[PDB]
Amino acid sequence: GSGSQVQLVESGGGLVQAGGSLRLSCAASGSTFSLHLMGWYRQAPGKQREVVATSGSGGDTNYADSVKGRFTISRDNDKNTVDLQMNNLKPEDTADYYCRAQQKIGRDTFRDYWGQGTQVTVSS
């Protein structure tokens with residue numbers, strides 16, 4: 001079909017131990033146009049793909065109350081790939097982490113880009 005020029009690639013999805021920390025990165029490539037909103041989502045077994053953290057136009061960050069103080073996200077427009085600092089990995093926090101990039105196009109067009117969710121395995 002018709003697809004956008006930007007692609008998302010999530011880095012991370014490794015194997016960490018209970019209590020450990022991991023950093024995931026979302027690589028946006030395709031267009032030099034300033035990406036408008038970036039966020040991290042999680043797909044957990046038994047749950048729906050939940051919002052973990054979002055960053056708006058001004059880097060307006062919103063995190064789930066359950067990730068406050070443990071998860072931190074950072075966004076550069078194009079010199080860096082968006083960071084997700086995850087600390088205190090719990091055994092049952094093993095899930096897929098997805099990246100969402102939202103771009104405000106032209107005047108009134110909005111697109112949600114989803115990447116390839118990588119699964120983080122926590123060793124207990």
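Throughout, a per-chain count from 1 in the order the sequence is written supplies the residue numbers; the entry may number residues differently, and those without coordinates are omitted. Each side-chain value is derived from all of the structure's non-hydrogen atoms; neither hydrogens nor water enter the calculation.

Student: I keep staring at the environment of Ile73 and nothing clicks. Help me out?
Tutor: Only DSSP runs of H or I reaching four residues or more are called helices, and only runs of E reaching two or more are called strands; each is numbered from the N terminus. Note on placement: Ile73 falls in strand β7 (residues 71-74). Under the relative-accessibility criterion, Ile73 is labelled buried at 6%. Spatially, the C-alpha atoms of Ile73 and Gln116 are 18 Å apart, while their sequence positions differ by 43 residues. Among all residues touching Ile73, those that are not within four sequence positions of it are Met38, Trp40, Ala53, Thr54, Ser55, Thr61, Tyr63, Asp83 and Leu84. Three labels apply to residues, based on accessible area from a 1.4 Å probe with only protein chains included: buried if under 20% of the type maximum, exposed if over 50%, partly exposed otherwise in between. We call two residues in contact whenever any of their non-hydrogen atoms come within 4.5 Å of each other.

Student: Would you take a moment to explain the pattern of salt bridges for this structure?
Tutor: One speaks of a salt bridge when a side-chain nitrogen belonging to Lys or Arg is within 4 Å of a carboxyl oxygen belonging to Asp or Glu. Under the counting rule described, the total for this entry stands at seven salt bridges. In this structure, the salt-bridge partner of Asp93 is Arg42, at a minimum N-O distance of 2.9 Å. Note that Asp93 is positioned in the loop between β8 (82-86) and β9 (95-105) and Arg42 in strand β4 (residues 37-43), a separation of 51 residues in sequence. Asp93 gets classed as buried once you look at its relative accessible area, which sits at 15%. Given a relative accessible area of 8%, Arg42 falls into the buried group. Among the ionic contacts, a cluster of salt bridges with common partners joins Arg42, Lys47, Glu50 and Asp93.

Student: Help me understand the pairing of strand β3 (residues 22-29), please; the structure alone is not making it clear to me.
Tutor: In the case of a regular strand, side chains alternate between the two sheet surfaces. Two strands qualify as a pair provided DSSP detects at least 2 bridges between them. With five bridges connecting them, strand β1 (residues 7-11) and β3 associate as antiparallel partners. Paired with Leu8 across the two strands is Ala28, which belongs to β3. Here β3 runs beside β8; their pairing, made up of five bridges, is antiparallel. If you follow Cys26 over to β8, its bridge partner there is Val82.

Student: Is there a simple way to think about the packing of aromatic side chains in this case?
Tutor: A ring pair, where both rings are aromatic, is described by two values, the distance of the centres and the angle of the planes. Geometry of aromatic contacts follows a simple scheme: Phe, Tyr and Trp rings, the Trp one being its six-membered ring, pair when their centres are within 6.5 Å, and the pair is stacked under 30 degrees between planes, edge-to-face over 60, tilted otherwise. Applying the stated criterion across every chain, the model contains two aromatic pairs. Ring geometry for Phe71 versus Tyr97: centroids 6.3 Å apart, planes at 25 degrees, classification stacked. Taken together, the positions of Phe71 in strand β7 and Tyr97 in strand β9 put the pair 26 residues apart, joining distant regions of the chain. Grouping residues by exposure puts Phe71 and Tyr97 together as buried. The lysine or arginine in question, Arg49, covers the ring of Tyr98, its NZ or CZ lying 5.2 Å from the ring centre. The cationic tip of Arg49 hangs over the ring face of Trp114; the distance from NZ or CZ to the ring centre is 3.5 Å. Whether a charge sits over a ring comes down to the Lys NZ or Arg CZ being within 6 Å of the ring centre and within 35 degrees of the ring normal.

Student: What's the story with the side chain of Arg100 in this structure? I'm lost.
Tutor: Within the secondary structure, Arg100 sits in strand β9. In this structure the side chain of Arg100 is engaged in a polar contact, spanning 2.8 Å, whose partner is the side chain of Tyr41. A polar side-chain atom of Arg100 sits 3.1 Å from a polar atom in the side chain of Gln102. If near-sequence neighbours (up to four positions away) are discounted, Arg100 is found in contact with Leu8, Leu37, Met38, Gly39, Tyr41, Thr54, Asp112, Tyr113 and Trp114. In protein, a polar contact means a hydrogen-donor-capable atom and an acceptor-capable atom, both N or O and within 3.5 Å, with residues adjacent in sequence counting only if both atoms are side-chain atoms; elsewhere, any N or O pair within 3.5 Å suffices.

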